[PDB]
Structures are given as structure tokens and as C-alpha cells.
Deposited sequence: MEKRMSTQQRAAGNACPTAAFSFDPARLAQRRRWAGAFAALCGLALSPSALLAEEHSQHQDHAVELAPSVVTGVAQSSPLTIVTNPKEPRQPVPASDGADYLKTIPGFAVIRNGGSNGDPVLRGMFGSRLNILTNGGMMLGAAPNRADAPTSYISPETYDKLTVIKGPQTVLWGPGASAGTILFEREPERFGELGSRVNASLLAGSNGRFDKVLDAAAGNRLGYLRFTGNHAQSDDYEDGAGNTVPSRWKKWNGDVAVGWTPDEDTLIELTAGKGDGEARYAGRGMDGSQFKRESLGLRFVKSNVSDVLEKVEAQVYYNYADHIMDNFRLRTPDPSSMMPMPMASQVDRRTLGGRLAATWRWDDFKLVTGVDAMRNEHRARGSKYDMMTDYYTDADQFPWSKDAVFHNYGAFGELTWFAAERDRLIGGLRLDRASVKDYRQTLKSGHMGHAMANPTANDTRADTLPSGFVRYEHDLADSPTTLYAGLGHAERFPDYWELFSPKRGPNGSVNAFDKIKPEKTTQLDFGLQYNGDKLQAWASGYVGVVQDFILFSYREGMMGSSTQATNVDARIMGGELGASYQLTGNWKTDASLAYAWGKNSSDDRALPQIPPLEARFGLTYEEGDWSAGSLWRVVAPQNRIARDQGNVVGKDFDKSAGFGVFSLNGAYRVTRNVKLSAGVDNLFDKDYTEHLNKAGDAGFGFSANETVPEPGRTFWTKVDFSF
């Protein structure tokens, strides 16, 4: 029971990773969804500024990742993806994080081409009147503090629970002594009312809001509001019969209301946005899920349907140059531009054939649709697709086979999976051109259809615990973005065919009773088959080595992160956020941490991130901004040396 600081999370079982987001983590996260993925091999993070990075899994970006909060979806609204889904998610407020790698599940919605990421909160169940609380307080270099509170009280016929957080940090500095434009502020508060009329039933009401700020060194505008409101309803009846083992039903409402501007966290420079300017955009998502679990004999079957509708609006500021009067964005009416629908049916079937063999297969069928509400485009021109609808029905599915060896505690696995994903908001509305000879992006961007083989192994010995996961795949009609400066600067979305391949592996050895040593490796590769080029924004080879000493009451450990250069890039190509420009330099970062359990109710941890004050940037981080004094194409640098300490109470 020696307490530790997390520097990496293992594959505890084929393709799936499970972690507790309320334990301290070595390179210390913002209150950010993406930063809590940095400990899971396979993930990289596009740096935008201080917080709210854009997470990338085995080279893949964006909606190729299903990131659900409590089974529900939270979608932001900036055409920038300045408020990416994970900018609204504060992971210390949830109880469990779970990553399913590859297109190997169909329970959690459509388009899960790269992987599935589930943040969830667990129901409370008192057996009598009682009340537990969990809190944490953290403080660190450059004015970072994070405060989180999880309090609940109840009895056997119900409970009520409050979960909140407050977190911020000033601008950090790099390994060369410069202030990076990067400060941020975040808070959330969500309440849950839970009714438990017997030992099998649970109805839960949930409501919560949150807001935040964030200065972005990588952008021309900052996030001055990340307002979120959400509602939810859960139903869990258990053991309805000998065969129906669970029936779960849920509905969710998430509303995002974002503001980008160039005057509240910065000042307009000379550069093609010299005037004070702001843009307010919002996204209203409503959806539900309904699933029955059948368990009998050697079979488990999960059957269900789900649905989702979401709607996007925008409205912008207006600044008069003769009078220098600024009219804020909220003085103008809302302009709807997009509405999306998805309805889907799914099943997934597991066969427990003997104890050393399992075979899992799953299928789902989705009907996805979108309607363009833009009467005009922006000087305003008439929108050639104003009020057009497109739809499509996309089947997806997978089979996976897991076999355990007879002599050693080893599990081998191989799975083959197919994902079909209707296009994004950002892939359909944000690009200023479609494929060549096309009206718009909206009418010609084809859905992305990826087909991939997953394989790997698990091994759990007494002194050794190791895992490996490799993949090779093709992506048909990959949605790629191309950048050119010309009038001004503009993107074009196209559909290409892509080969991709890579993997991750990790191992932990227990040397002494007190010494542990772990390591992990992550490799991602991509090729644009249609132009005999490499795929853009692909993170380079990355290993992490770690040694820690435990002693019952406390623990100390060190960590080395080592990343190769990246030499395969596709210049002026990427996603809606970033573009490849230059090859990248390798680098190494070494860090220290420690943890001490003061008593059963209080724990202590601390660490030094980047001990040797390395000045370095990651291949995926955004470029500079010129307005912030950034050069030719300097990508935003990582933090330099940083100190932090955190106390955890639990009664």
C-alpha cells in the first residue's frame, strides 16, 4: 500500500486501459482532458497555450476519438477547436478514466475510429445515513493551484452528491527563461440526486455548470469564456430476470457557449486583425442511450440503440474604424449555421469458450445526417447549399479473439475492425474550400472509412508485468486539410487514402521488495497513399523510463522521457487546427517525484518536472503568433522546470 505518483498507465487487459484520475500524475496536468491522457502511451497533445490541448491518439486527431462525459457527448463550438471537447472536461472531477484502443467497441457511439475515451462518475450507494468527502489541494510554480471537492451524503433510499473544482495558473516559462502567453482559469460544479428504491434500482438526476479562461500563444485569439451547462437522467435496473442482467437508460443535455477575442487576454498588434474583435459561438447537444445486457451460460450480449442531435450557432463583434466604437458580439442576434443528427443501433457479443479463450464481436449501424443553415458565407455571399441536407447510413463492426497460453500467464490477442465516421462540424463547415471542382466542403467531403487490424499481448508475472499492442490499417477517404496563403490564408479539405501502422508496449519489473522499474514505448506511422507522401501531424518515437523506490509509508521515484526527432512531415497539410512545417528535433526530459501517506485520511505528494530546465518543443504544438514575438515558425515551447505539491484528504 505504498503511495505513488503516476508516470504511466499500463494495459491491464487487451486494448483497454483503466486509471483513477484522482491520483497525482508526474508531469502534472492542467485541469484538462488532454493532459490526463499524456500518461497513457499512444497519446500526444497539440499544445495551444497553457491548457486545453488537442489530444491525438496513434497519430489520429479530432472526432476520430469518442470522448464521452458520463456516456454523453460534450461538443465545443469554436471553428478553431479552441474549445476542443476536452477543454470542458476536468478529469479530477470524475472517478474513472477508460481508454479502448482501436475500432474495437460499438457501445459508445459512432465513428470511434482511433479509440474510445470514457470519463465517468460512479453512483453512490449508502446502506444507512452516511457521508464521505474527497478533497485535493495543489500548488506549484507560476501560480498554479488546483482545488477539487467530492462530497456526498445519503442513506439507502437515495443520496445527493456535489463534485466541483477550481484550478488556474499564470503564464509558465520555458527552458530558456521566456514568459509564454499561457495563463488559464477553470471551474466546475455538478450535482447529482440519486434515488435508490431497492437494491437493484437507481434513478439519478444530474445538473451542473462550469466556466473558464485560457490564453493561447498558438492562436490569434484567446478563450475568454468556456461556459458549460449540462443536465442528465440515468436509469439502472439490475437483475430484471435470469437472462436480463442490466437495463440502463440515459439522456443528456450539454451546452457550450464560447467566446474568442483579441483584447481581453492580449492586445491587437499592427496584424490583419488590428482592431478589437470578438466571436461568440455556441453548441447545444442533446442525446440518449439505451442498452440491455444479456448474460447466460457462456455468453454475454449487449444490445442497444442511441441517438444524438446537436446544433451550432455563431455571432460576431463589429468595430467601426471611423468612430473606433466597438459593438460586442452579444448585441447581435444568433446565426445558426449547422444542425447534426445521428441515430444508431448496436450489439456486441462475447463468448467465454473455456477459460483460456474468449471471442468478442460487435456490430453497429448508424444513420447520420446534417443540414446546412448558412444562408450566406463570410463581405457576405450567397451560400450555394443554403438549407441543403445530406445523410448516409454507415455500418461498423469488429471481431477480436483473445487466447491465454497454458504454461505462462500470457494473453495473446488479435482483432479486426471497421469504423465509418460521418464528417465533423469542422471538417464540413470550417474549411474554406472543398475538393477541387466542388461547390463547398459541405457537399463533397466523404465519410471516413477506416479498417484496421489490432494485435498484441498481455503478460502478468510475479515480478514482471508487460503489454504490447500493434496495429496496421488503411483509412479510405481520410479527411485531410491543406494550407495556402494564396488573397489571405485559407484551408481546403480533401479526401485521401491512407496507410497507417504502429504500436505501443510497456513493462514493469519488481526488482526488490522496494525497487520497481518500468518502461514504455510509443510509435506511430502514416502515409498519404494518394500523393506518395507522409501523413501530417504524426508524433515521433517516444520512450519513457522510470525507477521508483517504495517503503510502506512513502515512495520516491525518477522518470526520463526521450523522444526521437520527427523526419516524416507533410508540409502545409494537417487538420483544422495545425499544419506540418518543419522537421523536429529530439529531446530528453528527466523528472523527480515523491509521495508520503501521513495517515489513513491524508496523503502528500510533490514533484519536479523538467529538472534540467530543458528548452524544447513538441512536434505537434502550434506555431507562434508573431503578435507574441514568435519567430518564423517556432512552435510553442513546453514548460521549463516546474515544482508542485498536492495534499489529498479522504474521509
Note to self, deposited ranges with zero CA coordinates are 1 to 65, 336, 445 to 449, 558
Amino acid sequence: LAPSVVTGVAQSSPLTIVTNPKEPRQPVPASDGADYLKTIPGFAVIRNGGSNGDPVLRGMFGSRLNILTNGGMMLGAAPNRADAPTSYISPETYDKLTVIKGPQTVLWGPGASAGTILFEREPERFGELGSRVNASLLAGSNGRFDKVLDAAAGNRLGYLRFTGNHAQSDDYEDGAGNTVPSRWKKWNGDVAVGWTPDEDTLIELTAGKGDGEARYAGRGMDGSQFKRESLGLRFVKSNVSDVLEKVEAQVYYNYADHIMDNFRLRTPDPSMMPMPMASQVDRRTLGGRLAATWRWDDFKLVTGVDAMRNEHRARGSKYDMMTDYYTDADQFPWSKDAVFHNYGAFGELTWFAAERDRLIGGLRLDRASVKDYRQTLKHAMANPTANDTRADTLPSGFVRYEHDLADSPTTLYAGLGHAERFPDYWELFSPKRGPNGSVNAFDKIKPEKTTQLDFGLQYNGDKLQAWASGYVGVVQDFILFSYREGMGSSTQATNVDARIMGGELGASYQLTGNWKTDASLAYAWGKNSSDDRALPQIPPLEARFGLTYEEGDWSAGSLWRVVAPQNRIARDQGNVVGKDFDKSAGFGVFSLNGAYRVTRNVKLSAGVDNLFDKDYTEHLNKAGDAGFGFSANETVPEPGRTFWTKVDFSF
From here on, numbers count along this sequence of modelled residues.
Per the PDB entry, mean CA B-factor is higher for 58 to 66 or 622 to 630, namely for 622 to 630
Higher of the two mean Cα B-factors (194 to 202, 276 to 284; per PDB record) comes from 194 to 202
Among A564, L138, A114, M322, highest Cα B-factor in the entry goes to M322
Comparing C-alpha B-factors across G546, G397, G502, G437 in this entry, the winner is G437
By the entry's values, the third containing the CA B factor of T599 is the highest
Binned into thirds over the chain's modelled residues, the C-alpha B-factor of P110 lands in the middle
Chain-relative C-alpha B factor for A2 (record values, thirds): the highest
By the entry's values, the third containing the CA B factor of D462 is the highest
Binned into thirds over the chain's modelled residues, the C-alpha B-factor of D613 lands in the lowest
